[PDB]
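# Topology and contacts: notes
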Amino acid sequence: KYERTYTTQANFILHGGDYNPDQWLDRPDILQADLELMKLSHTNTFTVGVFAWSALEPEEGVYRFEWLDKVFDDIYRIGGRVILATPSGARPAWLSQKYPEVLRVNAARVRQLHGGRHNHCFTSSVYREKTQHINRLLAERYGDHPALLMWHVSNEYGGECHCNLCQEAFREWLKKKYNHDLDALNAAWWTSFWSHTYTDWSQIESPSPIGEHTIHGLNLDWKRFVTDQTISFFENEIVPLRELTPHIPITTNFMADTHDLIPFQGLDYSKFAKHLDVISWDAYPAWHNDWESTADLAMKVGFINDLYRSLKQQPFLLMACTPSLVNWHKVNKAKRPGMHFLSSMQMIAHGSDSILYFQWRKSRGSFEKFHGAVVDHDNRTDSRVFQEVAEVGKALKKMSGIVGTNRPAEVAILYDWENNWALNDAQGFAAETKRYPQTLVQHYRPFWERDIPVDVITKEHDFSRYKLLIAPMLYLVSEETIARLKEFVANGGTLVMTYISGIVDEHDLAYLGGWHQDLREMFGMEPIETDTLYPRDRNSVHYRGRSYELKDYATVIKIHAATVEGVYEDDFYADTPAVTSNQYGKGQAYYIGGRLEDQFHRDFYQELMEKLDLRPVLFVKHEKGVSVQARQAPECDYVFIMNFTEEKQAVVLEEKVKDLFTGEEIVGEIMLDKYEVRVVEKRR
Amino acid sequence: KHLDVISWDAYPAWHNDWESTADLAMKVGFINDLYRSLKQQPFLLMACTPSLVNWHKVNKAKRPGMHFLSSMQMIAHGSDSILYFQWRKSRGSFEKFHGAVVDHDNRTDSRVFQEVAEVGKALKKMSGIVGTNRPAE
Amino acid sequence: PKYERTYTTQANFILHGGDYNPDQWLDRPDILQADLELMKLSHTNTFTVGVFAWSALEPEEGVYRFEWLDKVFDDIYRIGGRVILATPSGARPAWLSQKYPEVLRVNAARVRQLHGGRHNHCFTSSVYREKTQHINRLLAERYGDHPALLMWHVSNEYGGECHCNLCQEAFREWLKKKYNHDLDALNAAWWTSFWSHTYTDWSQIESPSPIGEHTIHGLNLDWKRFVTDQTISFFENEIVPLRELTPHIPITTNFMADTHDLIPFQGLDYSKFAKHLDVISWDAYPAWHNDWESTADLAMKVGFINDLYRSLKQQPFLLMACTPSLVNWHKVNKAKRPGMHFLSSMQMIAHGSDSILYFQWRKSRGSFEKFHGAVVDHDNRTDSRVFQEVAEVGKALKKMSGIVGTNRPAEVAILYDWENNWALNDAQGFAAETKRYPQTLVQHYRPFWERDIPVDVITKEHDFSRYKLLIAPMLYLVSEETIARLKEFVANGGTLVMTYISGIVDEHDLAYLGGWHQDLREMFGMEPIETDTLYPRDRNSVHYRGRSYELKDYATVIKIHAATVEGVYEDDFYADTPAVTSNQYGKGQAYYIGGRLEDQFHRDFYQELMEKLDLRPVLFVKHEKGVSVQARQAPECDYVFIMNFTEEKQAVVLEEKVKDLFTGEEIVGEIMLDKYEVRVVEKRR
Ligand SMILES: [Zn+2]
Ligand SMILES: [Zn+2]
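Looking now at the overall build of chain B. Secondary structure summary: chain B contains three helices and three strands in total. Starting at the N terminus and walking to the C terminus, you meet the elements of chain B as β-α-β-α-β-α. For chain B, whose C-alpha radius of gyration is 15 Å, the value lies close to the compact-globule estimate of 14 Å for 137 residues. If you line up chain B on its principal axes, its C-alpha atoms span 45 × 35 × 30 Å. Accessible surface, chain B: about 7,500 Å² in total, of which carbon and sulfur atoms supply 57%. Of the charged side chains in chain B, 18 are positive and 14 negative, and the gap between their average positions amounts to 4 Å.

This is the structure we're talking about:
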């Protein structure tokens, strides 16, 4: 057990990031300086060619690979490695001008002009041909270069196209999904409503603000198609990569939504993950903002990490972050001294085998010229950003034992992108209080405050290995998923569900005749009414001797065999069941009918931590704001003690451990400065 | 002037947090007094929800007793009908969560159904009100 | 040449009147006859005619109706009035749009507009440039030698842009000229290597768009430059027959302030347009009596804009439009209180205007601006408090002919740059809502306005040498040439003040590399190494002159060389590090302010400079805050305006004995000012 599983051939933590010398070809002095600064900053891995298509192919069929040949050799000579990217992220101007079909058509059916990035038509045969060919040339030339470590396919896949080519592709997709049965499609989408019944496949179109946007089934299936065809585009990209370089691992960088650090909503990453070799993503938390504590934000980062790592049974790769500040936030505030080191260590602690940045060197002009990078316009090593990057680099060098290490969890939180889509599109409840990913984080809080390892999983992930499965607001759920949940509980698993779960099937079709028999058996109860509240509306639930504030949502509950653990205290359903528990088979099922304050989640899950013996990898006594995360090797535990507060923090090491950096045995109480991290080692 | 009878659909945001129930009730009365006065006759409530709607910012359902209250108010201001959208909740698409007499669970046990029954039971005793007007000074 | 008068027109009096639209009342002889009578009673003598009269002049193509305008000319002339004749390109007739669709605009999203509104023509269209020049020539032929003609009013409030195919190719030609047909130089200037945007043919380049390219700053900046240049080109085409047939009739076009907080108009580089005009004119509509600022604060903002537009040509300017009561297009259209109109009118004169002109003379009966303020309301009454206060202004103006042509030299200058405003606003960085570049300049303007010290708000085309003190806040974009000029300015004895987020970028929005420009580093004896952008709730403070001042929005980590540390931060990770510095360079001095501090810092900091450089008002008058004292200077005397921009009575002390301009009595000592009361005062030299 605890066997190491490696994502790449590297036996060291990758350090570096996006490199962009194709912007500096007129400046050989800068290019030479780059190599020296890479040594000084202790960076070793660099992602090259993300937006270099116009530099590789300035005219159609005219190729310039020489500058890239030199970059490969130079990086390798200083002991570095290259993550080679496919350039599909931004088409050259000559391509858009000559082949207009690569330009997107938005939902309002407006054809776009050339500009920006990440905005190609995902159906266009021309762009599929062009991207695959340039990928083939790259694979042919650099495929066996010793510096090549990894493929970085495209850049931040996202967006939709509604052109005629995509409409036809969408129609063929629908024909396959519904086995050419128009009756089945009409039944699934309930198109009898508002006389929307389709009588020919040619009538079906993608959703539009100037067309049809009132059919949930259509909206949901469209999002599914967008994901499938994006993946299709990706598969077309990697055809020569698989042929010519089967041994080189393939990834594409995932995102978080531009807001609240919730999972990217544009693409079903759970489906995407199965086509990748390793998971990678770009993190840009708004550190030092004035609407939440540093700890709250860190908790959100930990949540996303626990989601993206759990997509595979292996470490992930932080493909991008900023060493200081970004350019596109409302308030572009830079990391305070110590914060970069702290955030980097957190990334490692949650399972990253890399600390990669955007950028290496700041672009001199254009949109992201003020985005953070290792090297500022001043070209100085004197910068506090450069110095802390170097500090991270030196730390990472001493942490090669952590590479490949996993970190098993007994607690799982179930997240579903299709559920997120359906719930967001649903007409009902309250639009601004749905907050499905945020609600999951609320159930993630007590475990993060208790340093208990959590996996945030999706439905194709195995449930059997976990003692505790939490599935808040599973509004959309299939009979197959339900059956697997029933099996999970019956075999001894503990399941927690909440208000607005199992309302709808995979077609956003409402379950009829009360709630599904399985869920009713498992939970020993059933919901009969969802009460949506106004911002000033309040209620409370009395549970284990305490009344907890309720907001936004409440559920009227019909009890069968379940035990009533909590009751409402106000409104017309006062003194009726609010929290339930039910023994089912060898396991147990809990239902939380209302959205309650943080303290409820702390106390409720405290009971389960005790009942199920849920413990941290290494117990460290500390106040709130201090996070303790560990990765587990066969011979030892690597534990990160991270102070996400602006205060000194007294923590207590109950067991003797060794500082990974100094080798010093430490035990008992120690003081942590602001943003200070202690990385300790504990032999089994 | 081109219609035989006036009819309208009423969807007041009952139990909101920016005004009293009385204020909202007053506004409902104003609209009723307007649409009734378009002709010299009773009007018809063509649609209202026995519980909630689907398209409000906050879709809060009527509290116990409010539906009976609102229905009686409609009659009082000159409506010779209590008609709902919808009879039975559609299983899918845009208004699958719009209020109806029958929920997705098909139960007469529902408080929505029982109160609709209370209203209809009261309406059967009020046929004398049918056709009556209400002159104003 | 000392304090020599500079006349903008052949008028030896202050112009009073405004936009007159008799073409809306041609079916009303009674109204037109009543106009002249009320004009006399209101003491108005100058009227802008024909601004939107194209359809009245040419109802159908080739069918002209000049008779009504002939009579208006002779009628205004009869009562001793003058005519500011306007070219009608501001609103094309419906037949013109229908017959020549190429004059219609195409917006940024590439949508062709339909006919409607105003000011929305294609500024490239050869047809529209031709038609507009034709009708201008006809006007110049028929009215050029009429004695009532005073000045040309070309078009109306130039603004907006077009993205049609004609404009696209015009933009490409403009780019070829600017970059010497060197596609390499263009790509290098815009840094198009980023996101693989490198252009390989000129045909690939197009104007920015929300559905196209909007992420290339160099393109966005050069596009705005092109919009200005081609607007100017359109203007130059309009005035060809004007220069030819009427070479001695001065030409102007009315400038604007932008919709909110009275900042300079951002649609056009007025610093470039000004050079193509004989005299500067602009339209002022301050939201008087609003509930988010004091009357004094708003008046200060008005003073700033006035000082800016006046300094563009160093001669009196002309208030082309203001409302005698209220406007129609504000969120809250509140009318001026009694006294306020007289007060604001006097403030215009005090800051260099040789005219008080209104929009409009008589209210429109219908359409968009029927509830806009005017001298004559819909009731056609003279009992109106609006009409009577207009008459009060006119009565006062007739006694102020000596002020006509007079200037007001300043020792203090604040540097403003439109292209800097553009590039800074488009930049991805800092905080979008707290950039506030022109508002920041006003904050540095405040201590001098409170001390009645004359200030010129200049642009980089303006000479620097004549000033003792030049303030250049947030000069984010600056060229090598400008830096050199600032260097020489300080070296020769000038005192320069700059702030956070200056000299980051050159005229291509290209970041300077290798730390800060050596010239700036030598001048200031220091260098900025990091800009700290803050959230709304973030706070810091700077210790300076034995006192702490609050800091918001922005701070700057500073590396000291030769400079003297005069202020240090007190919080965060750069606590007890330099925040305010001073440095001697050549005969002069350079100050750097690394943080955005409260108003009281600016008061104290600039008080030091007022003492050190001996900066005094023209005539010192003792008063509390809210009283503004501004002066214009003649060879023989100073005309001093004492204005109460508060809603309470105000005690004021005149030191030197002085002559009241209206009632020629001499006054001295304490004087009591009522609410909104203005005292116009004369001090012989
Ligand atoms: Zn497409
Ligand atoms: Zn055009």
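That was the structure; now back to the text.
It is worth spelling out the sheet that holds strand β19 (residues 577-584) of chain A at this point. Residue and element names in this part refer to chain A. The mixed open sheet is built from ten strands, whose spatial order is β11-β10-β12-β13-β20-β19-β18-β15-β16-β21. For this open sheet the edge positions go to β11 (454-457) and β21 (595-596), each flanked by a neighbour on one side alone. Both strand β18 (residues 563-568) and β19 contribute to a ladder of four bridges, which runs antiparallel. Pairing of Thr563 across the sheet is with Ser581, part of β19. Sitting on the sheet, helix α15 (residues 436-449) is in contact with β10 (411-414), β11, β12 (468-471), β13 (494-498), β20 (587-592) and β21, with an inclination near 170 degrees to β10.

Time to look at the sheet that holds strand β1 (residues 15-20) of chain C. Pairing is parallel across the open sheet formed by nine strands, whose spatial order is β5-β4-β3-β2-β1-β9-β8-β7-β6 (chain C). With partners counted over all chains shown, the strands left at the sheet margins are β5 (251-252) and β6 (254-256) of chain C, one partner each.

Here we come to the coordination of the zinc ion (ligand 1). Residue and element names in this part refer to chain A. Of the protein atoms, only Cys121 (SG), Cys161 (SG), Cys163 (SG) and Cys166 (SG) coordinate the zinc ion (ligand 1), at distances of 2.3 to 2.4 Å. Coordination at the zinc ion (ligand 1) is tetrahedral, judged from the four donor atoms that bind it and the angles of 107 to 114 degrees they form at the metal. Read N to C, the donor residues that coordinate the zinc ion (ligand 1) are spaced as C-x39-C-x1-C-x2-C. With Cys121 in the loop between α4 (93-98) and α5 (125-142) and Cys161 in the loop between β4 (148-152) and α6 (164-177), the pair connects residues that are 40 residues apart, well separated along the chain.

For the rest of this paragraph, the subject is the packing of aromatic side chains. What characterises a pair of aromatic rings is the spacing of the ring centres plus the angle enclosed by the ring planes. All told, the structure shown has 101 aromatic pairs over all chains when counted by the stated rule. Over the face of the ring belonging to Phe463(A) we find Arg484(A), whose NZ or CZ atom lies 4.1 Å from the ring centre. The ring of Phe464(C) has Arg485(C) sitting right over it, with the charged end atom 4.2 Å from the ring centre.

Now for the packing of helix α15 (residues 437-450) of chain C against helix α18 (residues 599-612) of chain C. Residues and elements named next belong to chain C. At a closest axis distance of 9 Å, the pairing of α15 and α18 adopts a crossing angle of 60 degrees. When the axis of α15 is compared with that of α18, the two are oblique. Both α15 and α18 take part in a crossing whose hand is right-handed. Contact residues: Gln443, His444, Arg446, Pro447, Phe448 and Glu450 in α15; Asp599, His602, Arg603, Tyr606 and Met610 in α18.

This paragraph deals with the coordination of the zinc ion (ligand 2). All names here are of chain C. For the zinc ion (ligand 2), the full set of protein donor atoms is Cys122 (SG), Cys162 (SG), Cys164 (SG) and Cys167 (SG), at a range of 2.4 Å. Coordination at the zinc ion (ligand 2) is tetrahedral, judged from the four donor atoms that bind it and the angles of 104 to 112 degrees they form at the metal. Expressed as a motif, the donor residue spacing for the zinc ion (ligand 2) is C-x39-C-x1-C-x2-C. Of this pair, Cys122 sits in the loop between α4 (94-99) and α5 (126-143) while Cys167 is found in helix α6 (residues 165-178), placing the two residues 45 residues apart along the sequence. The same class applies to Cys122 and to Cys167, which are both buried.

This part is about the pattern of salt bridges. Residue and element names in this part refer to chain C. Counted according to the given criterion, the structure contains 104 salt bridges over all chains. Residue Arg5 is joined to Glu636 by a salt bridge in which the shortest nitrogen-to-oxygen separation is 3.1 Å. One end of the pair, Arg5, is in the segment before β1; the other, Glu636, is in the loop between β23 (627-633) and β24 (637-644), with 631 residues separating them in the sequence. For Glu636, a relative accessible area of 36% puts it in the partly exposed group. Between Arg137 and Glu244 there is a salt bridge whose closest N-O contact spans 3.4 Å. In this pair, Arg137 is assigned in helix α5 and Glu244 in helix α9 (residues 240-245), connecting sequence segments 107 residues apart.

On to the domain arrangement of chain C, then. Accessible area lost during the coming together of the parts is what is often quoted as the interface size. All names here are of chain C. Taken domain by domain, chain C consists of domain 1 (1-406), domain 2 (407-623) and domain 3 (624-685). A C-alpha centroid distance of 33 Å is found between domain 1 and domain 3. Across the contact, 31 residues belong to domain 1 and 20 residues belong to domain 3. Broken down residue by residue, the surface that domain 1 buries against domain 3 is led by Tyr3, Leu343 and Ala350, which jointly contribute 31%. Linking domain 1 to domain 3 there are two salt bridges. Summed over the shared surface of domain 1 and domain 3, the result is ten residue pairs in polar contact. Elements supplying a minimum of two residues to the side of domain 1 that touches domain 3: α11 (295-310), α12 (340-350) and β9 (353-358).

Attention shifts here to the pairing of strand β2 (residues 45-48) of chain A. Residues and elements named next belong to chain A. Of the two faces of β2, the one lined by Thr45 and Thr47 and the one lined by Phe46 and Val48 are each fully buried. Judged from the four bridges that link them, strand β1 (residues 14-19) and β2 form a sheet pairing that is parallel. Bridge pairing in β2 places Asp18 opposite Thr47. Taking the sense of rotation as the criterion, the β-α-β connection linking β1, helix α1 (residues 28-40) and β2 turns out right-handed. Direction of pairing for β2 relative to strand β3 (residues 81-85): parallel, over a ladder of four bridges. Each residue of the ladder has a partner; that of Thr47, found in β3, is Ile83.

Parameters at a glance
Residues numbered from 1 in each chain as written, not as in the entry; some residues may be left out. Chains lettered and ligands numbered in written order. Part of a larger assembly, values for the part shown. Heavy atoms only, no water. Helix = DSSP H or I, 4+ residues; strand = E, 2+ residues; numbered from the N terminus. Rg over C-alpha atoms; globule rule 2.2 N^0.38 Å. Areas by Shrake-Rupley, 256 points an atom, 1.4 Å probe, with all protein chains shown as cover. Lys, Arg positive; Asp, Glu negative; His and termini not counted. Charge placed at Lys NZ, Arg CZ, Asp CG, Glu CD. Pairing = 2+ DSSP bridges. Contact = heavy atoms within 4.5 Å. Axes fitted to C-alpha atoms, helices over the stretch in contact; angles between N-to-C directions. Donors = N, O, S within 2.8 Å, 3.2 Å for Na, K, Ca; no water. Tetrahedral: all angles 85-135°; square planar, octahedral: opposite > 155°, others 65-115°. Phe/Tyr/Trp six-rings, centres within 6.5 Å; stacked < 30°, edge-to-face > 60°. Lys NZ or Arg CZ within 6 Å of the ring centre and 35° of its normal. Parallel < 35°, antiparallel > 145°, perpendicular 65-115°, else oblique. Left-handed = near helix turned anticlockwise from the far one by under 90°. Buried < 20%, exposed > 50% of the residue type's maximum accessible area, 1.4 Å probe, protein only. Salt bridge = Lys/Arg side-chain N within 4 Å of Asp/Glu carboxyl O. Domains from an automatic or database assignment. Buried area = accessible area lost by both parts, 1.4 Å probe. Polar contact = N/O pair within 3.5 Å; in protein donor to acceptor, adjacent residues only side chain to side chain. Right-handed = clockwise from strand over helix to strand, strands pointing away.

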